[PDB]
Amino acid sequence: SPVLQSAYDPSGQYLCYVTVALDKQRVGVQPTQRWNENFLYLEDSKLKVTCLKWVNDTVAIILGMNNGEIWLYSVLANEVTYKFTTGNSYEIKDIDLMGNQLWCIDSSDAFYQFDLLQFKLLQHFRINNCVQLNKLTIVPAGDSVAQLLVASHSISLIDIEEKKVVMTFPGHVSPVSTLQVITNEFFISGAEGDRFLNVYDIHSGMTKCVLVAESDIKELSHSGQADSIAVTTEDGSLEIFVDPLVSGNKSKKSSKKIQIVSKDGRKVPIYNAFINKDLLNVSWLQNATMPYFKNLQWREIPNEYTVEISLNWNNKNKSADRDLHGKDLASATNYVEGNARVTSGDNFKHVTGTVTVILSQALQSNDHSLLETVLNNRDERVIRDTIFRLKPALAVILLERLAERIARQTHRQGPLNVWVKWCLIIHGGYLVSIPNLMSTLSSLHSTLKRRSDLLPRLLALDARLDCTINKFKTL
Amino acid sequence: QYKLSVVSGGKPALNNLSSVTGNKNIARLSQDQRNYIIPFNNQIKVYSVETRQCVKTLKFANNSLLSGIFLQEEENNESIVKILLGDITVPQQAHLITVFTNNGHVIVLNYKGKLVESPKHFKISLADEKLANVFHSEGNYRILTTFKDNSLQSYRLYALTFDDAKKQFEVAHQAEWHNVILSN
Amino acid sequence: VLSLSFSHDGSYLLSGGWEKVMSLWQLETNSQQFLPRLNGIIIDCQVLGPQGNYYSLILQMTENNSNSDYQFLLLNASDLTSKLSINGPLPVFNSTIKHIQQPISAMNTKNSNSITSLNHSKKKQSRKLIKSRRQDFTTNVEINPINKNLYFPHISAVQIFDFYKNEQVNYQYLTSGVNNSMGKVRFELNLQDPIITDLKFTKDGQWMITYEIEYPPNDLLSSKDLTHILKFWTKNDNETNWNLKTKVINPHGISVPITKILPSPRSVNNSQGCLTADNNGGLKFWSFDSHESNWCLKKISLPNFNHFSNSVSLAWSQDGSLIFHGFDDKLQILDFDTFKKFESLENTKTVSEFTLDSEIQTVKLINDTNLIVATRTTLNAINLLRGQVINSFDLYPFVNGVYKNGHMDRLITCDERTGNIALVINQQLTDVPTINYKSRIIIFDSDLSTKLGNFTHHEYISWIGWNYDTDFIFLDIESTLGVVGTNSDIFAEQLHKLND
Amino acid sequence: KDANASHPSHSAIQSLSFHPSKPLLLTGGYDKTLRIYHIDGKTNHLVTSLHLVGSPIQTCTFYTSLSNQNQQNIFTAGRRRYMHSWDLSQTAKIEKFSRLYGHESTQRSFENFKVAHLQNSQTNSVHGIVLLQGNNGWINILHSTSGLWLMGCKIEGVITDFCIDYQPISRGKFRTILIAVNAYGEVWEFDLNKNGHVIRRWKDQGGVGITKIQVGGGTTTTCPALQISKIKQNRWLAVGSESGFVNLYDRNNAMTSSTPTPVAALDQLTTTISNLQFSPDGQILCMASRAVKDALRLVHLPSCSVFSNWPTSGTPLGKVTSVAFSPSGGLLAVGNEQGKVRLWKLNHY
Amino acid sequence: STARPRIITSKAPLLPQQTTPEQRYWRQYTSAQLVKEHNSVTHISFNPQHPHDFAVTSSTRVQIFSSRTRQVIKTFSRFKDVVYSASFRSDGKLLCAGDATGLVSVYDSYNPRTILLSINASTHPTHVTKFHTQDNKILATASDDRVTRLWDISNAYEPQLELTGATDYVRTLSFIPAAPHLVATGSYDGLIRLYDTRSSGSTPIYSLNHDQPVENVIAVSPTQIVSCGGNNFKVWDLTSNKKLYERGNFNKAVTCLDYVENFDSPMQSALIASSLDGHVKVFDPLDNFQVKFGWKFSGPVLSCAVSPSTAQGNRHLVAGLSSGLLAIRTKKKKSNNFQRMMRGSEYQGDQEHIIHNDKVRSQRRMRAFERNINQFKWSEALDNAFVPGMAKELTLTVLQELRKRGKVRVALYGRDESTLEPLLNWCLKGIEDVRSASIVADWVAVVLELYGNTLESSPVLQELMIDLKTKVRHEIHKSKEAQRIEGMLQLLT
RNA sequence: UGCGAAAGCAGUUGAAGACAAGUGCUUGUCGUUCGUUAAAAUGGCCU
């Protein structure tokens, strides 16, 4: 993780996170309920934030600092309003506050009570048997802050006004990470590197329950009357135990489990959820440090939820003004023609020594070699007697082949013209019989209509050629 | 039952009834260079520059005052001469606009808000002649007015300011030219 | 030169001609880098950022000699790319609207003005529209029905334009001309690009068919003959570039104007066919050869009428049985299966040949039941249950020579469930007509007897069509599309807003 | 921990860059792919990648404008005829300066460039300029928000490198100077404020084949300014040859005398100097060579003496292809041919 | 802005008989070579499995030709009298060959020296010897003994099952794709006989009449069989037992037949039929057997085959010709330091957050006339249009759109006799043709209306204009008569 | 210019004013007004 520390404020609208940047730590606050470049850089590279706490009359947050100091920072003006000091120089292991009394466990194993409004180091002690210390919580004893809990690897409760340790519950093997007072009587410890949370009673001083988590625990937030516990599991997952304080019934598993995942399946790691009555507010780091949040409602979430985010993993860069491709949206397009079918408006499709035996063979088959040689024969008496000896249906197909040949070779038009003319002359009657004459003889119709369209320009140009030839021919 | 109404408007109506001056554009980019204001023939649209869409329309048909000003259909000739961004009656409260039409009306409007039915409208009197241009450095504002007694017009140059009262506009004569063929 | 404008430091100058390039001269070495093609002459250019980020420039679309077609441009400066292009609906009216002139050029051609000609021609237009009563400003508009996008055929190019978003969405060139390859300047300005005269959509939505006539440049051997072209275009409903699928040269043979086009009703080939109707009287019927993949003739009808009439209108029975083909002073009803007229075997005066008083401007059918004809003098309504005329109405009061032939077809259409719409146009005067205008719409029921609506418009109306959501849209002079139809929160505001 | 560690490059690192205000790093190679890493010490993560298709990279520059302090750009360039300009949350705003105006015959490739501010002087408005090498002596200067051509300066011979150095004049006034090294050694110093006019020229003593000139000690294209009051004139000048030598001049005395003596002449490396960076406060010169493995040396200035105990024998360096120095935290970031950048902290800062 | 429009080359409306698509592909099949043979070849059989080889019989000689080298490979020549049918197995391993003495031999193809299993059929000749396709080990042979047999090639002492009921000279048999147990047979008396073989087989399951003597039968589906004999052929739908189609557009009798499916073609399926006249004509059962293409090999033709659907190489079409001729038509198909220095170039952006290509993609190059009309030099556009080897379409294109720009006089001012003359030669050809007569009329009209006096002065332009005069008169004649025939035809309608 | 078809058939080119040139005189021009249906300056298209 890149975020060294975090904390929600109460009422879950502003997350304070502290993170490093070219090795000078900076704190920074964000909204979460629907930006902030109002960071706070530390100056030296040798003081680090060691504890965070919010306090509710600006909103201010308290930075227990590795120097041996306690900074109080108003969030609005980026101003460290006041730096209380301990008298000494040791990293402030813990900070807590309730009302106006700030307590800090110093790494001289020592307890300091400061007064906020008075801005003054009130009291200053150490007690026996609290050998090293790591975490602290002052109890809700009403308004009076007596008899607070401090924990090394093993929890201990101490009474202030006589500064004597009153009780002691079996702690953990590792040092405690999380330690919170969950009810009037119950409090949870939970130890770093352990997947376990112990739920103790204060008065009877024995374990009420143990809550396990499917992986190691990293953070913890808890709802109103201990109705809900949302534990941030360091694999990057979020377990909520629903109502852990009622009744095989010592080790409770986790009820619901929430993961977060991008579209293409990549896991994304949650850190530091926040919960309240029916409203869970998770977090994750979207780009390399920037945090993104989400609300959701867990009473009606299903049991194992993989909430999804769209994360622009490999997308293709579209520009707004540019098109899908290269063109830009103030361009007219262009007349592209390509492979359209281009056609006229007269396309009436879809609406005694003869040779007649060779001709009729070729026409019943399609022998272009043989039609070739018979059309090569040229003299007109042969032509007329041949077409007369031909059967008439085959002469219709003769017209078809003849027309195709004229249109593709308009230099043949003479001899093929006498062929088509004599054919028409002889076998006219059958053509009168046939009903859809045009829809058969499109090709002849098309060729002849084209040249007949063409005529008058040729005539006008002939006149103009005659003009110039006469002009320089007379002189 | 059957309803006739206007839905789509068209033309942008370039500053043509000038027919003289060489800077025909009226439409003006914002100060924060993020949105473009186009004066259409029957509305004003606000285009976001970087997303190339229309993020707001300002319809004279919907506003009762604006239809009374512009769309009195017997005389369309109330026609926008200039748009200015920051509001004139107040020094730097923003997102407002002051609109100057052909016959000395200034309208104070908004965008990125809601056009509540109270535009701050003021009228420049003193003008038997016609507004031609309004343009400014800081503070002191200048007015050109087309004017007449060759079939060519005359230009008159005025100095303009405010604070006299909320509807009062100081105008003082500064210059004049008689028959202008071109001006830029 | 139409625009000159400096940069801020005064070392670059932007220049602005008819020649549609935009030229940047750098002044220290008189060097330059233009912007070759732009859709129209640039009437103003300007440098608008602090540091010269954007150049805005107003450009005229000067092809259309009937309006004033501006387009606003805002060019991103680094890239020379259009960060904004702003535009209105651009129809082409019949001839010029109220006191709108043309820009200034070197010569006076049919596209611009010389100087002399500018002053004189402004006088001429003002006088003409005061005096002569003949005037019409009627335009063609189609609606792509699946998209409900208004297709305005500008000359030689369509402008696809929806009206809900008012955002002009495409501008497509639909004829090989000199459309972009150049900028015309002088005698080049005296040239002419082929005109999209008609455009129609099959009811399917996937096919448009268009008719556009080709002009030859003057003073040639062949400066006389136009060449008319039909074209069949397609698209998928996702894509926006209409593709050309069949170009037909010379429908009905040489030099004959396809002056009425009808898309087919869905029954005949799932609405994939069309009628093309000439001015001599001829008919043709094209549809989609589907074993091939293109369009063809299927049915013809060539009557040699020696005579010409530029007013033909037609309509198709919804079952596809028959075709009303109204022609000059005439209406013939045709059997679809034959392209021959339907014979009265009853002989009970259910004849196929109705002769009417004036020319025929419009023939429609509200259902299978009523046929409706607009004639140059009168509006007639006939019912085809029993062959009797039902109603008539007087229009020769308002329609004298006010429109050319067929533009009443584009004024009046019919909704295909309920009723019918008619449109009347007046100009105002005190003591000789002025240039003001005012129209009135009237909605009639299918009986063509009861007036379901009588509304007024304060400026001239140019075209009506029925948007397929059972309403009507109408265009205008002033280009508007009108519709006819039925601790915690105090803390919040601060973070949201946040020498020596 | 290695800055690339999280997303390993596919070609050699060609040009690194630290952002002048935030804690970012930028890397690019012939891989065609900008990568912006958020820099911690422990973890170094990806803020963003971008793969510009078909186009290489051989120079990347972050660029924060000096008046606006929001116009933050990245400029990238390879052996092509164009420059890309990426501006700075889900999709990218990238232009490409493509067209030089009257005259591109003087440059047909955009791969060698720098960016630097400039003042108008008739109004006190400061804009980018982009400086590009060219064909025979030509340096072409473009305005940087709108790609226009400003001015072009020809040095004789052939160019081989060029730096920028700024001079202050009054509050609201600076003056930028362009220094161009011929590969025979003759330095020309144009100034840009009035149109590019030769302030002076002096010869590098010695210097048969020069690659790389760089100034330092003040404000540069490698540690730039953030408001006009902070522009400081550079105290040192260094010139690095392709034999291996590096001459080192003081700016006070070299400007005064106009054919000066190098204060110190370093020869430690043996192959062709291909990087010269000064530290942002100007006390370390790191002179490095692209050409054989482990050729970074860090020089303490003013005493001009090579630091003797780092880099050692085991310093994992490889063929050093690019180097950067961090603006504030005192970090050094080196990138080689395998494509891995490694990152050190000079602990004094 | 806009990219510049390319010039639309002038496509005039289509004339009849246009280059059909199918014709494109089948006319690709070209590069024919001939091989003389000893005697009239009979049967050809492409190896099915790795389809690169084909067998072709002869007189007493079965040859294996190759495919990628189109030469001989191997020769089987141990046969006493002339050998009649040769066919590879399904899997490709074995070749079976039946000869006229009445014995068949099946032996390992590409291994001409292992006469691996010789089955003696009837003492009458066995014209047809085929391997079963669906199974791999039953050799279905025929005979001229009017009785065909299904031998099992494991034990060849007795026909495992027999099919009889012939009338005269069985010389064709076949199997069916989806059915394993149906055998179709074709004799010389019409009468395809369809046998089950799960019953006694002595009687056909049903017969299909074919009045004239059939000579080939091909299963072309699980449901259609094509029967090929006499002048035409006929395709039978088999479940409904009725003939669908019948196509007969040959001259003499058809001889052989082949059907091939799913090769890379616009035609999904093709059926090539061969008809003893040179004519090998190729048809298709998705356009209802309408003739698509045809070759005319010289002599009469006995067999044809195209290389199979899994050719993966250069495909072939062979036809074997009754005077001993094969005609084959075949359609073909640094330093390591340096790289580690410059190793990015082939990345193509796989694991990156955003990917941005905006490179322009290269058009094809512009010709010289398009360059001159891009850059407005009209005079050199026209001179660079009249080129010796330049497409008639292209000259018509530049003349067209130069006229469309409306710069004919402008493109023509500078000229003299020698700058004119090649235009006149082309105008000769242009008026000669019909698509261009309009446009060349425009151009020669202005040459006259502009350059008459120069035309007086020089003598050679007189030569051209006299000759163009006679040409254009003769063109009056050709549209003249062509209008008269429109009169002719209009009377007959 | 009106009618009309793509044809074509009908119809139209007026004064004033001022200025310029040549030399009161000859012609012209027009960022002028009434009155009818009323060619030019060596200069051409980005990557």
# chains A, B, ... in the order shown; residues from 1 in each chain; ligands from 1

call {"tool": "interface_residues", "arguments": {"of": "chain F", "to": "chain E", "cutoff": "12 Å", "atoms": "only C-alpha atoms (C1' of nucleotides)", "output": "PyMOL selection string"}}
result
chain F and resi 44-47

call {"tool": "residues_around", "arguments": {"residues": "residue 39 (chain D)", "least_positions_apart": "4", "cutoff": "10 Å", "atoms": "only C-alpha atoms (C1' of nucleotides)", "output": "PyMOL selection string"}}
result
(chain A and resi 2+20-23+288-289) or (chain D and resi 1-4+18+22-25+43-47+343)

call {"tool": "write_last_selection", "arguments": {"atoms": "N, CA, C and O atoms", "output": "PDB file, in the first residue's frame"}}
result
ATOM      1  N   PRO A   2       0.344   2.286  -0.591  1.00  0.00           N
ATOM      2  CA  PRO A   2       1.087   3.530  -0.599  1.00  0.00           C
ATOM      3  C   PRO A   2       0.598   4.486   0.441  1.00  0.00           C
ATOM      4  O   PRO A   2       1.239   5.500   0.690  1.00  0.00           O
ATOM      5  N   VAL A  20       3.233   9.411   1.273  1.00  0.00           N
ATOM      6  CA  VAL A  20       4.585   9.906   1.088  1.00  0.00           C
ATOM      7  C   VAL A  20       4.784  10.336  -0.353  1.00  0.00           C
ATOM      8  O   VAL A  20       4.095   9.888  -1.259  1.00  0.00           O
ATOM      9  N   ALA A  21       5.706  11.259  -0.576  1.00  0.00           N
ATOM     10  CA  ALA A  21       5.820  11.873  -1.887  1.00  0.00           C
ATOM     11  C   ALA A  21       7.215  12.441  -2.063  1.00  0.00           C
ATOM     12  O   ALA A  21       7.445  13.583  -1.672  1.00  0.00           O
ATOM     13  N   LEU A  22       8.103  11.683  -2.709  1.00  0.00           N
ATOM     14  CA  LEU A  22       9.527  11.998  -2.820  1.00  0.00           C
ATOM     15  C   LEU A  22      10.185  12.087  -1.453  1.00  0.00           C
ATOM     16  O   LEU A  22      11.136  12.826  -1.245  1.00  0.00           O
ATOM     17  N   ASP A  23       9.667  11.309  -0.528  1.00  0.00           N
ATOM     18  CA  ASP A  23      10.173  11.176   0.819  1.00  0.00           C
ATOM     19  C   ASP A  23      10.116  12.486   1.594  1.00  0.00           C
ATOM     20  O   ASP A  23      11.109  12.981   2.113  1.00  0.00           O
ATOM     21  N   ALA A 288      -2.482   5.972  -8.886  1.00  0.00           N
ATOM     22  CA  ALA A 288      -1.470   5.412  -8.022  1.00  0.00           C
ATOM     23  C   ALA A 288      -1.540   5.906  -6.598  1.00  0.00           C
ATOM     24  O   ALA A 288      -0.984   5.248  -5.729  1.00  0.00           O
ATOM     25  N   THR A 289      -2.187   7.032  -6.320  1.00  0.00           N
ATOM     26  CA  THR A 289      -2.377   7.362  -4.915  1.00  0.00           C
ATOM     27  C   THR A 289      -3.766   7.897  -4.634  1.00  0.00           C
ATOM     28  O   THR A 289      -4.246   7.829  -3.511  1.00  0.00           O
TER      29      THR A 289
ATOM     30  N   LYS D   1      13.755   1.681  -3.658  1.00  0.00           N
ATOM     31  CA  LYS D   1      13.238   0.630  -4.529  1.00  0.00           C
ATOM     32  C   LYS D   1      13.099   1.131  -5.952  1.00  0.00           C
ATOM     33  O   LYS D   1      12.732   2.274  -6.164  1.00  0.00           O
ATOM     34  N   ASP D   2      13.323   0.258  -6.924  1.00  0.00           N
ATOM     35  CA  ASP D   2      13.331   0.609  -8.338  1.00  0.00           C
ATOM     36  C   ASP D   2      12.049   1.258  -8.789  1.00  0.00           C
ATOM     37  O   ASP D   2      10.962   0.738  -8.546  1.00  0.00           O
ATOM     38  N   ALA D   3      12.184   2.337  -9.545  1.00  0.00           N
ATOM     39  CA  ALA D   3      11.006   3.058  -9.982  1.00  0.00           C
ATOM     40  C   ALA D   3      10.188   2.284 -11.001  1.00  0.00           C
ATOM     41  O   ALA D   3       8.968   2.241 -10.887  1.00  0.00           O
ATOM     42  N   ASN D   4      10.814   1.627 -11.964  1.00  0.00           N
ATOM     43  CA  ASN D   4      10.066   0.746 -12.836  1.00  0.00           C
ATOM     44  C   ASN D   4       9.497  -0.490 -12.226  1.00  0.00           C
ATOM     45  O   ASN D   4       8.920  -1.248 -12.994  1.00  0.00           O
ATOM     46  N   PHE D  18      11.467  14.273 -13.943  1.00  0.00           N
ATOM     47  CA  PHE D  18      10.755  14.441 -12.705  1.00  0.00           C
ATOM     48  C   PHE D  18       9.871  15.654 -12.871  1.00  0.00           C
ATOM     49  O   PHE D  18      10.292  16.641 -13.442  1.00  0.00           O
ATOM     50  N   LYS D  22       4.956  18.073  -8.307  1.00  0.00           N
ATOM     51  CA  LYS D  22       4.388  16.923  -7.645  1.00  0.00           C
ATOM     52  C   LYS D  22       5.461  15.851  -7.530  1.00  0.00           C
ATOM     53  O   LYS D  22       6.587  16.083  -7.965  1.00  0.00           O
ATOM     54  N   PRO D  23       5.196  14.711  -6.929  1.00  0.00           N
ATOM     55  CA  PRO D  23       6.142  13.590  -6.922  1.00  0.00           C
ATOM     56  C   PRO D  23       5.939  12.539  -8.002  1.00  0.00           C
ATOM     57  O   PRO D  23       5.679  11.382  -7.707  1.00  0.00           O
ATOM     58  N   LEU D  24       6.149  12.914  -9.248  1.00  0.00           N
ATOM     59  CA  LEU D  24       5.972  11.998 -10.355  1.00  0.00           C
ATOM     60  C   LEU D  24       7.287  11.769 -11.078  1.00  0.00           C
ATOM     61  O   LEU D  24       8.227  12.528 -10.928  1.00  0.00           O
ATOM     62  N   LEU D  25       7.360  10.697 -11.847  1.00  0.00           N
ATOM     63  CA  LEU D  25       8.500  10.425 -12.703  1.00  0.00           C
ATOM     64  C   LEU D  25       7.935  10.019 -14.034  1.00  0.00           C
ATOM     65  O   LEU D  25       6.849   9.460 -14.063  1.00  0.00           O
ATOM     66  N   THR D  43       7.297   1.934  -2.338  1.00  0.00           N
ATOM     67  CA  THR D  43       6.564   1.519  -3.512  1.00  0.00           C
ATOM     68  C   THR D  43       6.645   2.614  -4.546  1.00  0.00           C
ATOM     69  O   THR D  43       6.691   3.802  -4.209  1.00  0.00           O
ATOM     70  N   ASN D  44       6.670   2.230  -5.798  1.00  0.00           N
ATOM     71  CA  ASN D  44       6.640   3.196  -6.863  1.00  0.00           C
ATOM     72  C   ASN D  44       5.604   2.696  -7.833  1.00  0.00           C
ATOM     73  O   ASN D  44       5.788   1.654  -8.445  1.00  0.00           O
ATOM     74  N   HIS D  45       4.505   3.391  -7.924  1.00  0.00           N
ATOM     75  CA  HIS D  45       3.337   2.830  -8.569  1.00  0.00           C
ATOM     76  C   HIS D  45       3.094   3.521  -9.898  1.00  0.00           C
ATOM     77  O   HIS D  45       3.721   4.509 -10.216  1.00  0.00           O
ATOM     78  N   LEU D  46       2.161   3.008 -10.673  1.00  0.00           N
ATOM     79  CA  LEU D  46       1.791   3.604 -11.947  1.00  0.00           C
ATOM     80  C   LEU D  46       0.668   4.580 -11.765  1.00  0.00           C
ATOM     81  O   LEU D  46      -0.438   4.179 -11.437  1.00  0.00           O
ATOM     82  N   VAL D  47       0.922   5.844 -12.022  1.00  0.00           N
ATOM     83  CA  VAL D  47      -0.211   6.704 -12.236  1.00  0.00           C
ATOM     84  C   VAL D  47      -0.814   6.434 -13.596  1.00  0.00           C
ATOM     85  O   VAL D  47      -2.035   6.373 -13.723  1.00  0.00           O
ATOM     86  N   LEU D 343      17.128   3.989  -8.339  1.00  0.00           N
ATOM     87  CA  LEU D 343      16.820   5.240  -7.697  1.00  0.00           C
ATOM     88  C   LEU D 343      17.534   5.318  -6.369  1.00  0.00           C
ATOM     89  O   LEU D 343      17.412   4.406  -5.564  1.00  0.00           O
TER      90      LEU D 343
END

call {"tool": "closest_atom_pairs", "arguments": {"of": "chain A", "to": "chain C", "cutoff": "8 Å", "atoms": "only C-alpha atoms", "output": "Markdown table"}}
result
| residue | atom | partner | partner_atom | distance |
| --- | --- | --- | --- | --- |
| A:35 | CA | C:496 | CA | 7.2 |
| A:36 | CA | C:498 | CA | 6.5 |
| A:37 | CA | C:498 | CA | 7.9 |
| A:38 | CA | C:498 | CA | 7.6 |
| A:57 | CA | C:487 | CA | 8.0 |
| A:58 | CA | C:487 | CA | 7.5 |
| A:59 | CA | C:487 | CA | 7.7 |
| A:76 | CA | C:495 | CA | 7.6 |
| A:321 | CA | C:83 | CA | 6.1 |
| A:328 | CA | C:82 | CA | 7.1 |
| A:329 | CA | C:82 | CA | 7.4 |
| A:330 | CA | C:85 | CA | 5.8 |
| A:331 | CA | C:171 | CA | 7.7 |
| A:332 | CA | C:171 | CA | 5.0 |
| A:333 | CA | C:172 | CA | 5.1 |
| A:334 | CA | C:173 | CA | 5.4 |
| A:335 | CA | C:173 | CA | 5.3 |
| A:336 | CA | C:244 | CA | 7.8 |
| A:337 | CA | C:244 | CA | 6.5 |
| A:339 | CA | C:245 | CA | 7.8 |
| A:340 | CA | C:245 | CA | 4.9 |
| A:341 | CA | C:246 | CA | 5.0 |
| A:342 | CA | C:247 | CA | 4.8 |
| A:343 | CA | C:248 | CA | 5.0 |
| A:344 | CA | C:249 | CA | 4.9 |
| A:345 | CA | C:251 | CA | 4.2 |
| A:346 | CA | C:253 | CA | 6.5 |
| A:347 | CA | C:297 | CA | 7.3 |
| A:348 | CA | C:297 | CA | 7.2 |
| A:349 | CA | C:297 | CA | 7.7 |
| A:350 | CA | C:298 | CA | 5.7 |
| A:351 | CA | C:298 | CA | 4.5 |
| A:453 | CA | C:254 | CA | 7.5 |
| A:457 | CA | C:221 | CA | 7.8 |

call {"tool": "residues_around", "arguments": {"residues": "residue 36 (chain F)", "least_positions_apart": "3", "cutoff": "12 Å", "atoms": "only C-alpha atoms (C1' of nucleotides)", "output": "MDAnalysis selection string"}}
result
(chainID C and resid 124 127:128 131) or (chainID F and resid 1 11:15)

call {"tool": "interface_residues", "arguments": {"of": "chain C", "to": "chain D", "cutoff": "6 Å", "atoms": "only C-alpha atoms", "output": "VMD selection string"}}
result
chain C and resid 31 to 33 53 77 to 78

call {"tool": "closest_residue", "arguments": {"among": "A:281, A:447, A:272, A:317", "to": "chain E", "atoms": "only C-alpha atoms"}}
result
A:317

call {"tool": "residues_around", "arguments": {"residues": "region 184-188 of chain E", "least_positions_apart": "3", "cutoff": "7 Å", "atoms": "only C-alpha atoms (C1' of nucleotides)", "output": "JSON, numbers by chain"}}
result
{"E": [166, 168, 169, 170, 171, 172, 173, 174, 175, 191, 192, 193, 194, 195, 213, 214, 215, 216, 217]}

call {"tool": "atom_distance", "arguments": {"atom1": "CA of residue 303 (chain D)", "atom2": "CA of residue 278 (chain D)"}}
result
14.2 Å

call {"tool": "residues_around", "arguments": {"residues": "region 332-337 of chain E", "least_positions_apart": "6", "cutoff": "10 Å", "atoms": "only C-alpha atoms (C1' of nucleotides)", "output": "list in words"}}
result
residues 28, 29, 30, 31, 68, 312, 313, 314, 315 and 316 of chain E

call {"tool": "write_last_selection", "arguments": {"atoms": "N, CA and C atoms", "output": "compact mmCIF listing (two decimals), in the first residue's frame"}}
result
# COMPACT_ATOMS: atom_id res chain seq x y z
N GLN E 28 -8.77 -17.81 -63.70
CA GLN E 28 -7.45 -17.86 -63.08
C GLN E 28 -6.81 -19.18 -63.42
N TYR E 29 -7.61 -20.26 -63.42
CA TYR E 29 -6.99 -21.56 -63.73
C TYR E 29 -6.38 -21.54 -65.11
N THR E 30 -5.07 -21.38 -65.22
CA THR E 30 -4.49 -21.16 -66.54
C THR E 30 -3.11 -21.82 -66.51
N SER E 31 -2.20 -21.41 -67.39
CA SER E 31 -0.86 -21.96 -67.53
C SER E 31 -0.88 -23.40 -67.98
N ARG E 68 2.91 -30.38 -57.16
CA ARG E 68 3.64 -29.13 -57.12
C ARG E 68 4.68 -29.04 -58.21
N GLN E 312 -4.59 -27.11 -50.37
CA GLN E 312 -3.60 -26.30 -49.64
C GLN E 312 -2.37 -25.96 -50.48
N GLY E 313 -2.46 -26.10 -51.77
CA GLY E 313 -1.33 -25.89 -52.64
C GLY E 313 -1.91 -25.39 -53.90
N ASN E 314 -1.16 -25.49 -54.96
CA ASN E 314 -1.68 -25.02 -56.22
C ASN E 314 -2.71 -25.99 -56.78
N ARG E 315 -3.91 -25.51 -57.04
CA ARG E 315 -4.92 -26.46 -57.46
C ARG E 315 -4.73 -26.81 -58.92
N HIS E 316 -5.31 -27.91 -59.34
CA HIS E 316 -5.16 -28.30 -60.72
C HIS E 316 -6.50 -28.66 -61.32

call {"tool": "interface_residues", "arguments": {"of": "chain B", "to": "chain A", "cutoff": "12 Å", "atoms": "only C-alpha atoms", "output": "list in words"}}
result
residues 48, 49, 50, 51, 52 and 53 of chain B

call {"tool": "residues_around", "arguments": {"residues": "region 363-365 of chain C", "least_positions_apart": "3", "cutoff": "6 Å", "atoms": "only C-alpha atoms (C1' of nucleotides)", "output": "VMD selection string"}}
result
chain C and resid 313 to 315 370 to 373

call {"tool": "atom_distance", "arguments": {"atom1": "CA of residue 245 (chain D)", "atom2": "CA of residue 286 (chain D)"}}
result
13.2 Å
